[PDB]
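Reading through the C-alpha cells given below for one structure.
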C-alpha cells in the first residue's frame with residue numbers, strides 16, 4: 001500500500017502494533033534481538049517511503065547497543081534485559097564476514113546455534129539500518145543533536161572499547177560533520193499573524209400589520225377630514 | 001515550598017448559561033425568571049455564602065441546590081417566587097354617514 | 001469572515 | 001532578559017471613532033465631494049456625471065463637476081489600505097452641501113458603483129445605516145465643524161499640487177509622538193485648492209507631478225504605514 | 001521617450017494581471033459579462049456568478065495607470081485574461097474613469113482586436129498572443145504576489161534587483177482563486193503585508209516602493 | 001500624581017519578584033526580595049537600572 | 001503557587017528530553033501537562049520561543065549583522081547531570097524535542113503537537129482524562 005500518507009486505514013494500526021512489538025517485549029534471546037532488527041528494517045522501509053521519525057526506534061537502538069556491549073557505570077539508567085550476552089575482544093572484523101543476510105525463517109531457527117559471527121552480523125546490519133535512517137531523517141529533524149547524543153556517547157565508548165572496526169568511526173565522522181554544518185537556532189515557533197479589524201455589511205434598498213397600519217392611518221385621516229367639513233357646514 | 005488550595009468557567013443550568021464572573025445571588029437572579037429575594041431564599045435554603053462568586057459552590061452544593069430549585073414542591077420555597085375587522089366596519093360606516101351628510 | 005469579496009445580493 | 005506579556009495571542013485593537021479623542025490616529029477626509037440626491041417623476045437618484053445630463057443641464061451645474069466615481073475609488077482604497085487592517089484611521093466626507101459623514105472603519109463598501117450610489121442616497125436620507133449585527137450604527141452624520149470632530153492634538157495639512165514636495169515618510173516621522181494627523185484631500189476633479197485654508201495650517205506637496213486623488217491618498221497612506229512600522 | 005516591448009534592454013517595471021475576467025456577449029448588441037448587470041444569464045450558461053469582476057479590473061487599471069511612475073515612464077502593463085488573451089497597455093493612455101465607458105471601450109476593443117488613437121500615430125491597446133516571455137524584456141525577475149508567501153520589503157527588493165535587471169510582478173485579478181497560474185513563468189513568490197490585501201492596494205503600494213527606490 | 005508613566009522602572013532582579021520594603025532613614029533606598037534569593041538594594045536618585 | 005519559573009522550566013526541559021525518548025502514551029500524557037504548566041506559570045514562553053531571534057523586516061542591516069553574530073555565538077546553556085532545579089540553566093533553552101514531536105508520525109500526536117504550535121485559547125485539558133490511553137486502548141479506538 002501507499003505508506004507515505006499521514007494516515008492509512010490499515011498501515012497506521014500496523015505501525016502502532018509493531019511499535020508495541022518494538023517496545024514491550026523483553027530481550028532475552030538473540031531470536032528476539034534479530035526480530036527487533038528486522039522490525040527496524042521494515043520501519044526503515046516504511047520511512048524511506050514515508051519520511052517520519054520514531055522515538056521508540058531510537059530508544060531501541062540505544063538499548064541494542066547497550067545489550068551487545070553490556071558484558072556499566074556509563075549509563076546505569078537503561079534497565080537492560082540481558083547482561084550475559086556480551087562480545088569480548090574476540091571479533092575478527094573481517095570484511096568478508098556475513099552481511100545483513102536476510103534468511104528470515106532460516107535465521108530464526110538457527111539463532112540458538114549462535115556464533116559470534118552471527119552476533120557481529122546482526123550488530124552490523126542493525127547499525128547499517130541506523131546509519132541509513134540517520135542520513136534520511138535526523139539531520140533534517142531539528143533536535144538532531146540531543147536526539148543522537150546518547151548514540152554518540154555509545155559509539156565513542158565502543159570505539160575506545162574496540163578501536164578495531166571502521167564503520168563506528170565512519171558514523172562518528174558523519175554525525176560530527178553534520179552537527180558542525182547544523183546551527184540549531186533557538187525556538188521561535190510562537191509568532192502569529194496579527195488579527196485585523198472585524199468588518200460588516202450595510203443595509204439599504206408582516207402584511208397583516210402593514211395593512212392594519214395603513215388602514216388605521218386612512219381612518220384617522222378620514223375622521224379629521226369629516227370633523228373639519230361638518231364644522232365648516234355648521235358655521 | 002509546596003502549598004495547595006481547595007474551578008471552571010460559566011456553567012449551564014436550565015438551558016441557561018450561568019455566568020462565571022458574578023456573585024451567588026447575582027447568578028441566581030440572572031437565571032431566567034428568578035429575582036433577588038427568591039435568590040436569597042434559595043441561597044439560604046442551600047446554606048451557601050451569597051457573595052461568593054462562581055468560583056465557589058463546589059459540585060456537591062451545586063447539585064443539591066439544583067435539585068432544590070428543580071423541586072420547589074420538595075423544597076417548600078415561598079410561592080411568591082414562582083410565576084381589526086371592527087375598525088374596517090367603523091370606517092365603512094363613517095364613509096356612509098359622511099357621504100350622506102356632505103352630499104345630501 | 002469578510003475579505004476582498006464585495007457583498008452578497010437579494 | 002525581559003519577559004513577554006502574559007498573553008501574546010492575536011487580539012484586534014478596538015475600532016476608532018469620534019468618541020475617542022486621545023489615542024494617536026489617522027484622519028482622512030474626502031472634501032468637496034460631488035454628492036446629492038434629486039427626484040425624477042417617481043424616485044430619488046444620486047447624481048452621476050455620465051448618466052444624468054438633461055436634468056444636470058436643467059439644474060445648471062457641470063457634467064465635469066458632478067462625478068462621485070472619484071469618491072468611490074478614493075473611499076475604497078482608503079478602506080482597504082493596509083493601515084485599516086492595522087486599525088488606525090477613519091474617514092470623514094465633507095459634502096458639497098456641507099454635511100459631515102463620518103465613516104467608521106468597520107464598514108465594507110459595496111464595490112460596484114450602482115450599489116455604492118444606492119448606499120449614498122440611502123445615507124443622505126436616513127442619515128445612518130446598521131450592519132449585520134445592527135448593534136452599532138455604521139455610517140454616521142455629524143455637524144460642522146470638523147475641528148470639533150477631530151482629535152484634540154493634531155495637524156492641519158492639505159495636499160495641494162502647488163505646495164512644495166515633502167517626503168511623507170520624512171514629515172510623519174518628524175511629527176511628534178501624541179500628534180495625530182488629519183489630511184484634507186481635495187476630491188474635486190479639477191480646479192482650485194483653496195477651500196480648507198481656514199482649517200489648515202499648511203499646504204503640502206508630495207511630488208512635482210499632478211496626481212489623481214486616490215493615488216495621492218495611496219501615496220500618503222503608504223508613507224504613514226512606513227513610518228508606523230506595519 | 002515611451003517604453004515598449006520592442007525595447008528589452010533598459011531596467012523597467014512590468015505589471016501582469018492574472019486571468020482577468022474580460023468576457024464579451026451579444027444580446028441586439030454587445031455587452032460585458034458583469035456579475036451584477038445580470039444573474040440569470042450567468043446561471044444560463046451555468047458559469048459561476050462570482051467570477052465576473054470587470055470592476056476589479058477597472059480600479060486596478062485606474063490606480064496603476066494613474067500612479068506617478070506611469071507618466072514618469074518606467075513601466076508597461078500586461079493582462080492575461082481568464083480566456084487566454086494578452087492585453088498590452090502602453091504608458092500613454094488616458095483611461096476613462098467611468099466604468100460604463102470602460103465597459104464600452106473594452107467590448108469595442110475585444111471586437112476590433114486593437115485600439116489606435118485619433119492621432120493614430122501608434123496603437124493603444126494591443127491584443128496579442130501567449131506566451132508572455134516573448135514580450136518580457138531580457139533580464140526580468142518574475143515575482144508573484146502570494147498571500148502565504150513570506151513578506152518582503154519593497155525597497156530592499158529593488159536594491160537587490162540588479163542594475164539593468166527589469167522587474168515583473170504577477171497579481172491575481174481574480175477575487176477567489178489559488179496562485180498556481182504563473183508558477184511556470186514566475187521566478188519566485190512574495191508576500192507584502194501580514195494582512196491579505198486587495199489587488200489594487202497591493203499594486204499601488206508596490207509601485208510606490210518602486211518610485212521610492214528609483215527616486216521619483 | 002502621575003497615573004500613566006512609571007515614575008521609575010527598576011530592574012536588575014532575576015525571577016518572580018515577590019517582596020520589597022523601604023529603608024526608614026533613607027527616603028531613597030529600597031530593598032527588593034526577589035524570589036531567587038539574592039536580596040537587591042537600590043538607590044532611586046541614581047539611574048537605578050542595577051541595584052546598589 | 002510558589003514555584004520559580006526556573007523550577008518549572010527545569011521540570012519542563014527534563015520532560016522535554018524524556019519526550020525525546022518517550023513512548024506514545026507518555027507523550028499524550030505529558031504534553032497536556034506542559035500546557036498546564038505554561039498556562040499557570042506564564043513566563044516559560046521565553047524558553048518556548050525567544051522573540052528577539054525573529055527577523056524583523058523593519059530593522060537595519062546593522063541589526064541584522066548583530067543577529068548573525070548572536071546566532072553564530074549562541075550555544076545551548078542548559079545542563080542535565082546537574083540536579084539542582086534552581087541552578088540548572090533551564091529557562092534559557094529551546095524545545096527542539098517538541099519541534100520533533102511536532103514532526104511525529106502519528107496523527108493524533110501531530111495534532112496535539114500543533115496545539116503547542118498554535119496560539120493559546122483554552123487553559124485546561126484534564127490530564128486525568130487524557131491519561132487512559134494504552135496500546136490496546138488506542139488499538140480499539142483505531143478499530144472504531
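All Cβ positions, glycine included, derive from the backbone under ideal geometry; neighbour counts span all protein chains shown. Every read-out reported here was derived from the displayed coordinates using simple, explicitly stated rules and does not represent laboratory data.
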Residue among D:172, D:230, D:181 that is in a loop (DSSP other than H, G, I, E, B) and within 18 Å of residue D:90 (Cβ to Cβ): D:230
Among the residues in the range D:55-70, are any more than 10 Å from every other protein chain (Cβ to nearest Cβ) and either under 17 Å from residue D:103 (Cβ atoms) or touching a strand residue (DSSP E or B) at 6+ places or on another chain (Cβ under 6 Å) (or both)? yes
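I'm checking my understanding of the structure. Among residues of the range D:29-51 that are under 24 Å from the mean Cα position of the chain (by Cα) and more than 20 Å from residue E:100 (Cα to Cα), which one is nearest to the other protein chains (Cβ to nearest Cβ)?
Pass one, the range D:29-51, residues under 24 Å from the mean Cα position of the chain (by Cα): D:29-38, D:45-50.
Within this subset, residues satisfying the condition of being more than 20 Å from residue E:100 (Cα to Cα) are D:29-33, D:36-38.
On the way: D:29: 19, D:30: 15, D:31: 18, D:32: 17, D:33: 15, D:36: 17, D:37: 13, D:38: 17 Å.
Among residues in the range D:29-51 that are under 24 Å from the mean Cα position of the chain (by Cα) and more than 20 Å from residue E:100 (Cα to Cα), the one nearest to the other protein chains (Cβ to nearest Cβ) is D:37.
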If a residue must be surrounded by fewer than 16 Cβ atoms within 10 Å (Cβ to Cβ) and facing chain A (nearest Cβ under 8 Å), how many such residues does the range G:98-141 contain? 4
With the condition kept exactly as written, say whether any residue in the range G:41-54 is under 20 Å from residue G:126 (Cα atoms) and in contact with a helix residue (DSSP H, G or I) (Cβ under 8 Å, 6 or more places away or on another chain). yes
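Can you work out which of the residues in the range A:140-170 that are outside any helix (DSSP H, G or I) and within 14 Å of chain G (Cβ to nearest Cβ) is surrounded by the fewest Cβ atoms within 10 Å (Cβ to Cβ)? Give the steps one after another, and end with the answer.
First, the residues of the range A:140-170 that are outside any helix (DSSP H, G or I): A:140-143, A:162-166.
Subset that is within 14 Å of chain G (Cβ to nearest Cβ): A:140-143.
Values: A:140: 11, A:141: 18, A:142: 22, A:143: 24.
Ranking the candidates gives A:140 first.
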Please find, within the range D:1-15, the residue that is nearest to residue D:106 (Cα to Cα) out of those that are at the interface with chain A (Cβ under 9 Å from one of its Cβ atoms) and loosely packed, with under 11 Cβ neighbours inside 10 Å. D:14
Of the residues E:93, E:151, E:169, only one is in contact with a strand residue (DSSP E or B) (Cβ under 6 Å, 6 or more places away or on another chain) and buried (at least 19 other Cβ atoms within 10 Å of the Cβ); which? E:169
Can you pull out every residue in the range A:185-217 that is surrounded by 12 or more Cβ atoms within 10 Å (Cβ to Cβ) and more than 7 Å from every other protein chain (Cβ to nearest Cβ)? A:211
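Give the range B:73-104 a look and list any residue that's assigned to a loop (DSSP other than H, G, I, E, B) and more than 53 Å from the chain's Cα centre (by Cα), or say none. Spell out how you get there, then give the answer.
Applying the first criterion (assigned to a loop (DSSP other than H, G, I, E, B)) to the range B:73-104 yields B:73-78, B:82-84, B:104.
Within the range B:73-104, B:104 is the sole residue that qualifies.
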Take the residues in the range E:103-145 that are within 14 Å of another protein chain (Cβ to nearest Cβ) and surrounded by fewer than 19 Cβ atoms within 10 Å (Cβ to Cβ); name whichever of them is nearest to residue E:10 (Cα to Cα). E:105
Which residues, counting only those in the range D:52-65, are surrounded by 12 or more Cβ atoms within 10 Å (Cβ to Cβ) and under 25 Å from the mean Cα position of the chain (by Cα)? D:61, D:62, D:63, D:65
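Scan the helices (runs of 4 or more DSSP H) fully inside the range E:19-136 and keep the ones with 3 or more residues being more than 25 Å from residue D:109 (Cα to Cα).
On the way: elements: E:40-45, E:54-66, E:68-71, E:99-112.
In the range E:19-136, the matching helices (runs of 4 or more DSSP H) lie at E:40-45, E:68-71, E:99-112.
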Those helices (runs of 4 or more DSSP H) lying entirely in the range A:1-109 with at least 1 residues facing chain G (nearest Cβ under 10 Å) and over 19 Å from residue A:154 (Cα atoms): A:11-24, A:30-50
